[PDB]
Protein chains: 2
Amino acid sequence: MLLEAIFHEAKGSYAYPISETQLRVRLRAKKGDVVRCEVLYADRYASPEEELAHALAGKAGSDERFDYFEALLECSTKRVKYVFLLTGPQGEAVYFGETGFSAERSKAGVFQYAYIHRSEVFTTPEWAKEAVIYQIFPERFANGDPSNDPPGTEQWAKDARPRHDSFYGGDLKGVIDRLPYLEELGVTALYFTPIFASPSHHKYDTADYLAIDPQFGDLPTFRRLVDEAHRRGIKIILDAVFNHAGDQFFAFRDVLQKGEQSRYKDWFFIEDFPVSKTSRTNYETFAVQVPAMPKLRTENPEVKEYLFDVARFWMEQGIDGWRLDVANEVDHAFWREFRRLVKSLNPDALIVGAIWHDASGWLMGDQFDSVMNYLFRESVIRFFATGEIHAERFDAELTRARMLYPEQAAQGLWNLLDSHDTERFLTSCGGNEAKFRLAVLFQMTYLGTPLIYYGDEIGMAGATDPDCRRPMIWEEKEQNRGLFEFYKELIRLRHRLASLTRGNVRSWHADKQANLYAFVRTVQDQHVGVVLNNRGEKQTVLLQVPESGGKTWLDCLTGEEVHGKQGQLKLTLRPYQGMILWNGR
Amino acid sequence: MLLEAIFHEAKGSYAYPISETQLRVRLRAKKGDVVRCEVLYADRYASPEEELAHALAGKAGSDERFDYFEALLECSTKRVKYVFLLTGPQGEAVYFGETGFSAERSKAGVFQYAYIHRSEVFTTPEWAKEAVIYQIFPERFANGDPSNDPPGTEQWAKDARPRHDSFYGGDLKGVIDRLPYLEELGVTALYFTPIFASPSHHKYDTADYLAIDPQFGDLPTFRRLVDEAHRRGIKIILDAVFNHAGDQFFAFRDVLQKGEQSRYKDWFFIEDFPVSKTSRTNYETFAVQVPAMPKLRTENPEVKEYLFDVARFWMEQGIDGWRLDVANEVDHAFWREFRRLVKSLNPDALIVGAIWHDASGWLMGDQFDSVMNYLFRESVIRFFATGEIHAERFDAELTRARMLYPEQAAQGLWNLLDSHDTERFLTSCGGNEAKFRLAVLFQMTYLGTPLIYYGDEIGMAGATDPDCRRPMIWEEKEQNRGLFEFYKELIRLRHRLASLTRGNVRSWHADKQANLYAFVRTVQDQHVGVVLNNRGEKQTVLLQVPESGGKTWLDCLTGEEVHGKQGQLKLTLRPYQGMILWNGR
Ligand SMILES: OC[C@H]1O[C@@H]2O[C@H]3[C@H](O)[C@@H](O)[C@@H](O[C@H]4[C@H](O)[C@@H](O)[C@@H](O[C@H]5[C@H](O)[C@@H](O)[C@@H](O[C@H]6[C@H](O)[C@@H](O)[C@@H](O[C@H]7[C@H](O)[C@@H](O)[C@@H](O[C@H]8[C@H](O)[C@@H](O)[C@@H](O[C@H]1[C@H](O)[C@H]2O)O[C@@H]8CO)O[C@@H]7CO)O[C@@H]6CO)O[C@@H]5CO)O[C@@H]4CO)O[C@@H]3CO
Ligand SMILES: OC[C@H]1O[C@@H]2O[C@H]3[C@H](O)[C@@H](O)[C@@H](O[C@H]4[C@H](O)[C@@H](O)[C@@H](O[C@H]5[C@H](O)[C@@H](O)[C@@H](O[C@H]6[C@H](O)[C@@H](O)[C@@H](O[C@H]7[C@H](O)[C@@H](O)[C@@H](O[C@H]8[C@H](O)[C@@H](O)[C@@H](O[C@H]1[C@H](O)[C@H]2O)O[C@@H]8CO)O[C@@H]7CO)O[C@@H]6CO)O[C@@H]5CO)O[C@@H]4CO)O[C@@H]3CO
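The rules behind each value
For each chain, numbering restarts from 1 and follows the sequence as written, which can differ from how the entry numbers it; residues lacking coordinates are not listed. The lettering of chains begins at A and the numbering of ligands begins at 1, in the order of writing. Excluding hydrogens and water, the side-chain values take into account all heavy atoms of the structure. Working definition: helices are DSSP H or I runs of at least four residues, strands are E runs of at least two. Numbering for both runs from the N terminus. The globule rule is 2.2 Å times the number of residues to the power 0.38, and the radius of gyration it is compared with is taken over C-alpha atoms. Using a 1.4 Å probe on the protein chains alone, a residue whose accessible area is under 20% of its type maximum counts as buried, one over 50% counts as exposed, and one in between counts as partly exposed. Contact between two residues is taken to exist if any of their heavy atoms lie within 4.5 Å; hydrogens are not considered. Per-residue and other accessible areas were derived by the Shrake-Rupley procedure at a 1.4 Å probe size, with only the shown protein chains allowed to occlude residues. Note that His is not counted, nor are the chain ends; the positive residues are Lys and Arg, and the negative ones are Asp and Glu. To locate a charge, take atom NZ for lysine, CZ for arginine, CG for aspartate or CD for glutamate. Each copy is laid over the others by a least-squares fit that uses only its C-alpha atoms. By convention in these notes, a residue is near a molecule or strand provided one of its non-hydrogen atoms lies within 4 Å of it. Under the rule applied, a polar contact is a pair of N or O atoms within 3.5 Å (in protein, one hydrogen donor and one hydrogen acceptor; residues adjacent in sequence only if both atoms are side-chain atoms). Between rings of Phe, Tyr and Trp, where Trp is taken as its six-membered ring, a pair exists when centres lie within 6.5 Å; planes separated by under 30 degrees are stacked, by over 60 edge-to-face, and by other angles tilted. Multiplying 1.5 Å by the helix residue count minus one yields the expected span of that helix. Residue ranges for the domains originate in an automatic or database domain assignment. Each reported salt bridge corresponds to a side-chain nitrogen of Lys or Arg within 4 Å of a carboxyl oxygen of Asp or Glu. Joining two parts hides part of their accessible area as seen by a 1.4 Å probe, and the buried area is that hidden amount summed over both. Two strands are counted as paired when DSSP detects at least two bridges linking them. A fitted line through C-alpha atoms serves as each axis, taken over the contacting stretch for helices, and the angle formed by two N-to-C directions is quoted from 0 to 180°. Points on a 1 Å grid, built from protein atoms alone, make a cavity when a 1.4 Å probe fits but cannot get out and make a pocket when they are open with protein on both sides within 12 Å along at least 5 of 7 lines; residues with an atom within 4 Å of a point are the lining residues. Grid points are joined across faces, edges and corners, and a volume is the space filled by probe spheres set on the points. Residues are grouped as follows: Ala, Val, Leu, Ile, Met, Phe, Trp, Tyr, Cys and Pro are nonpolar; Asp, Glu, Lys and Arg are charged; all remaining types, including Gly, are polar.

1. Regarding the overall build of chain A
- Regarding its fold elements, chain A presents 14 helices and 27 strands.
- Compactness check: chain A gives a C-alpha radius of gyration of 26 Å against a globular reference of 25 Å for 585 residues, within 12% of the reference.
- For chain A, the spread of C-alpha atoms along the three principal axes comes to 75 × 60 × 40 Å.
- Looking at the 585 residues of chain A, the share that counts as buried comes to 61%.
- A fraction of 69% describes how many contacts in chain A between residues 6 or more apart in sequence connect residues 24 or more apart.
- Total accessible area on chain A is roughly 22000 Å²; 50% of this is exposed by carbon and sulfur atoms.
- Between the mean site of the 71 positive side-chain charges and the mean site of the 84 negative ones, chain A shows a separation of 3 Å.

2. Some words on the relation of the copies chain A and chain B
- Of the transformation superimposing chain A on chain B, the axial component is 0.0 Å and the angular component is 179°, with the fit at an RMSD of 0.6 Å. Interpreted geometrically, this transformation is the action of a two-fold axis. Ranked by how close their C-alpha atoms come to the rotation axis, the residues of chain A are headed by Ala5(A), at 2.8 Å.
- A high fraction, 94%, of the interface residues of chain A reappear at the interface in chain B, so the copies pair face to face through one surface.

3. Observations concerning the site of ligand 2
- Taken together, 15 residues are adjacent to ligand 2, and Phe286(A), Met293(A), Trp356(A), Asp421(A) and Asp465(A) come closest.
- More than one chain approaches ligand 2, the contributing ones being chains A and B.
- Taking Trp356(A), its side chain carries an N or O atom lying 2.6 Å from an oxygen atom of ligand 2.
- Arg469(A) has a polar side-chain atom sitting 3.2 Å from an oxygen atom of ligand 2.
- Isolated, ligand 2 exposes 1100 Å² of accessible area, and the fraction of that covered by the protein chains is 53%.

4. Things to note about the packing of aromatic side chains
All names here are of chain B.
- In this structure the tally under the stated criterion is 120 aromatic pairs over all chains.
- When the ring of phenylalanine 250 is compared with that of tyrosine 264, the centres are 5.2 Å apart and the planes differ by 70°; the resulting orientation is edge-to-face. Note that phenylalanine 250 is positioned in helix α4 (residues 250–256) and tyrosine 264 in the loop between α4 and α5 (301–316), a separation of 14 residues in sequence.
- Seen from their ring centres, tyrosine 517 and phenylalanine 519 are 5.7 Å apart, and the 45° between their planes marks the pair as tilted. The exposure classification of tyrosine 517 matches that of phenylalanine 519, with both residues buried.

5. Let's talk about the environment of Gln367(B)
Residues and elements named next belong to chain B.
- Among the secondary structure elements, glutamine 367 is positioned in the loop between β17 (350–354) and β18 (370–371).
- When the C-alpha atoms of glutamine 367 and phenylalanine 338 are compared, they prove to be 8.2 Å apart, with 29 residues separating the residues in sequence.
- One polar contact links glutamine 367 to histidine 332, side chain to side chain, over a distance of 2.8 Å.

6. Considerations on helix α6 (residues 332–345) of chain B
Residue and element names in this part refer to chain B.
- In a regular helix each residue adds 1.5 Å, so 14 residues correspond to 20 Å; α6 covers 20 Å between its end C-alpha atoms and thus fits that length.
- Looking at α6, one finds that the buried residues are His332, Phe334, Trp335, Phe338, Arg339, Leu341, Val342 and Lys343.
- Tucked inside the fold, the buried residues of α6 contact α5, β16 (321–325) and β17.

7. Remarks on the domain arrangement of chain A
- When its domains are assigned, chain A resolves into domain 1 (1–121), domain 2 (122–242 + 298–502), domain 3 (243–297) and domain 4 (503–585).
- A straight line from the C-alpha centre of domain 3 of chain A to that of domain 4 of chain A covers 57 Å.

8. Brief notes about the pattern of salt bridges
- Taken as a whole and judged by the stated rule, the model has 115 salt bridges over all chains.
- A single network of salt bridges, built from pairs that share partners, joins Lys304(A), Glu337(A), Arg340(A), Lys304(B), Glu337(B) and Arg340(B).

9. Thoughts on the environment of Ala197(A)
Residues and elements named next belong to chain A.
- Summarising the element assignment, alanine 197 is placed in strand β12 (residues 196–197).
- Under the relative-accessibility criterion, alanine 197 is labelled buried at 13%.
- Setting aside residues up to four positions removed in sequence, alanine 197 forms contacts with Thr206, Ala207, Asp208, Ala211, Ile212, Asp213 and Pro214.

10. Side note on the interface of chain A and chain B
- Between chain A and chain B, the residue contacts involve 48 residues of the former and 51 residues of the latter.
- Taking both partners together, chain A and chain B bury about 4100 Å²; carbon and sulfur atoms supply 46% of that area.
- At the boundary of chain A with chain B, the tally comes to 10 salt bridges.
- With a shortest N-O distance of 3.1 Å, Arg44(A) and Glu329(B) are connected by a salt bridge.
- Of all the secondary structure elements, the ones that give two or more residues to the side of chain A that touches chain B are β2 (22–30) and α7 (332–345) of chain A.

11. Details of the sheet that holds strand β25 (residues 559–560) of chain A
Residues and elements named next belong to chain A.
- Reading across the sheet, the six strands line up as β20-β21-β22-β27-β24-β25 and stay open at both edges, with antiparallel pairing between neighbours. Both outer strands of the open sheet, β20 (504–511) and β25, are each paired with one neighbouring strand and no more.
- Direction of pairing for strand β24 (residues 554–555) relative to strand β27 (residues 578–582): antiparallel, over a ladder of two bridges. Of the residues in β27, the one forming a bridge with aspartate 555 is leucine 581.
- Where helix α9 (residues 391–402) meets the sheet, it contacts β20 and β21 (516–523), and its direction lies at approximately 160° from that of β20.

12. Focus on the layout of surface pockets
Residue and element names in this part refer to chain B.
- Its volume calculated, the second largest pocket comes out at about 1300 Å³.
- Around the second largest pocket sit 44 residues that line it, and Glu70, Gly503, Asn504, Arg506 and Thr522 are the ones nearest its centre.
- Elements supplying a minimum of two residues to the lining of the second largest pocket: β2 (22–30), β4 (53–56), β5 (58–62), β6 (66–74), α9 (407–410), β21 (504–511), β22 (516–523) and β24 (539–544).
- With six residues, the single largest contributor to the lining of the second largest pocket is β21.
- Per-class residue counts for the lining of the second largest pocket are 19 nonpolar, 14 polar and 11 charged.

Structure below.
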């Protein structure tokens, strides 16, 4: 067994409390060397002469290089010391604990989880566990009052291909008008890109953080929205740009005019004094040459409490959660006090983050509830749209990703197909709607949160910025009603089959040749299976049972396939068919 | 190269700012697998036209199974994305990064440290980095004035063997009368175990957290000690137990007497109503049957502030530093708002934890500055006292422990050789003053802060609680002043030799058989190498020269070793000799 490959930390994504009294320890080994891992543990003071309690660590997934095992250690005493007895394939047993490896128990040492306090059990809003979000880019979703329109609006048409700045006017009233659509699809929260008052077509140059931008609406319209949507099941989540300010911020203007005398001077990172906002962008901004975005000093206790009052206004207004823009470039202490502030104004206001590098520093329990799952985006483009990885690599990428984070985070990362910065996922499959559908049949059953972009329930293609941002096609003859009844089908299925939302994922079948991949999602007795054929030709496959039991297994999209031959469930599936097979339990 | 053994993270101990412009990055690798390690880096938002800057990661030492590479990335924009070019023994060029491993750069991805903040550069009290702390267990240091006493006391001579009941007097005025000793020895801080009012001889069931124990002193004798010591550059660091409270304590009294009526019911977890002092003792405890100490539920806002009010108060008294006992079972929120407090009251207040399992989750820079280094306590017990580990395992335990936490946390850890509950180091050393002297030459040059116990300067031998709490031996005639002048000289070297306090430690020779281990301390051109023949015989060893250079070294304990024979430096050293060779620059 090569022991420099076995890994565990008593911190972090490898040990964490699911409850006061229940601890979760995970361990990884090179693919194949550990064939049995079993935790032996006791309270942190229990005297030697006692036999230990025991709990077997299951295999929870194997990515490309490592096999990942996971066990559940009851700690009634809310304190736990433990060692792993690891067992090889050729039978070698070893013991792993803090001292190192040994084959003689004690000299392994012992790992320890100091105390488990309920304030450190990572707790995320129960609602977000079964949600499906709908990303609204408000400017392109609908224009419901023509009076707000910026001058020069282009005509709304399925014709449109935009340019960078080009406005189409789309506004909070429009959304208010189209809420009886959103509601039928079965969405449960809308996530607006930034709506606040700002100079450009995209509101990232924030000018006043405390008011809806002039082209979108006004606080009573935002309330009428918050209120009309909540009453329809839908929550409202806002985009929070606290990293950097815009050029028309008060404090950026005060430093601009007064310079060194303004009581705002230290709010921003200063070499360009006086402010040259036109010729030398060297004053800490977004990145070295953007001259209209200077960074707010989140460290400063005035800056901090301003953005906390920004955060409280918007929550007086009724919102259920923020998505945090460029979260990773504002300090952890801000994000902690932020979590403290938010979660007290609203027990269920979610705080979700955007960082596109490993985000575990924030998914520890104390800063955000989940981040945007970029790794699912990469995996789904490649497997489903470009073809470039095969089900084995699919499984590897999937599997390496979910063990990034505590399961409280993983189970609710926002699983996005595309965004207002990417080419649109139908362009990604180059127009092929069988690929697109399979990628959605995946999205709606995997672990985390379906995030639909505006437009894809009805078929919109596009390139990256600005071409994803074409107006939404709202005429029922111009919309792929085929797709819509599928999103509504799947969405319904996500909402009744408790395991799809709240259940764990285990890999069932990964066949690089035929390109099928199939998973099970499980809560208690229930098992649903998702068999996905990523082939444009039709395949039988044979597969083995899920552990417990199922002689008979319904298909929820279509009817019975009780083919459980005592261990072989045999199933044919036509091109790009996914099947979602439910225990019946 | 086993790829499963390569580790790096962009958090924690494996990457962290040393300044806002500079990020230390560390990488762990199976021993022997990797020969050159190098970090190639650019700013996060840098475009691909640019060459990546290069930075070579030297071998920072190798523990039993792993080598460790460590590099320094000058990141001017405070943002860094980095790919490692690993280079191995046959010549395999591997690229490591977040995406994974590939022989092509782009398929490896890049790790990211998003932005580096002044608030997140771990800062430590600058005195503490040179300090030599003197451990007093007050009750036995000396007796000042017998109006302290608690009727029962026993005699002040060498002969007297403490039983667990006893009191020998021992009080803060003795320590005042004793400071010119402390000033002569050369210590720079004094850390007193608990002195707060309590009903027992272990004051850890602190009964009155706001007042010194009757038997020890009063607030002006304390506050006179604090002054009289500042005058001699000796600082008071004090043991605080915020984990459990005492039975007799004010806020608890109110449920001994008040049942549910008790406002203070929620400061405490209470299993079994009421206080079962006598019936059976299970109620949230330090341990399994320990009877006076129920858990201070620090999580509670109304507790927390009290335990912050204690700390305001003892800091109004002018104390410099807390050592916080059984720290590991109180919440990271307590610790972290406590650190903000202490450091805002006094920017220089040392804050030191006591965890006896890996404590990295408090050694980030938001929580404490160091723990008690129990590894040092056991790694010297083996190499020096017991003879049960040779030079190559001493080197390995040392390196496996000094790569565990960020560097700032590692140069202030308390290097104790014994405590009031352990055996006295001469008694482990077997009484051999020659073995002991060598383990002190080491503690005084090793990375960390030297903790002297009261009495080891004078050769006090002793055993577990009680024998190690024996009175100090104050008669010149019964003191090993031969030891006292040796400790006195090392504490002087450490304070004149920059690298002994603030440099880094690279092992120079570790030879299993000869049992001679040797190391180098370094800051800028200055190198100071300590050669230790830990073998009872006189060997001659030939060391290879260190990186800046040194054709000629002076030995600080005795005179000139110009043995620099074209790289080789020949040293003939006597039994149990440690040399301290200062490279002259
Ligand atoms: O006031 C309490 C006490 O707090 C401090 O103790 C800290 C100590 O300084 C640190 O070193 C550390 O302790 C950890 C220790 O290092 C580890 O080795 C391990 O401890 C285990 C023991 O090694 C193991 O032997 C066993 O314990 C059983 C004992 O063997 C057995 O003798 C008996 O224990 C009783 C003692 O005999 C008795 O004397 C008593 O202790 C009183 C002390 O004498 C007195 O000085 C004082 O101690 C302070 C101490 O000065 C601080 O350093 O009060 C004590 C109580 O009034 O009581 C013991 C019964 O509880 O029974 C035990 C168990 O049946 O197992 C342990 C656990 O595996 O882990 C230690 C825990 O971290 O940290 C502690 C603070 O946590
Ligand atoms: O206002 C800024 C911006 O904020 C938001 O963007 C956030 C986004 O949601 C996060 O995902 C993230 O960004 C990371 C990004 O996702 C990664 O892809 C990577 O990005 C790299 C690109 O993949 C790579 O192609 C290249 O980028 C070069 C471009 O190819 C090149 O064209 C040029 O980019 C210019 C744009 O073309 C131009 O349109 C303009 O961008 C403006 C947008 O059009 C406008 O919508 C808005 O942008 C918001 C965005 O909507 C939010 O979602 O403002 C933009 C600026 O005014 O100007 C660009 C300037 O050159 O140059 C780039 C090289 O810089 O490289 C990148 C990086 O290597 O990594 C990203 C960082 O990890 O964070 C952003 C917020 O920071």
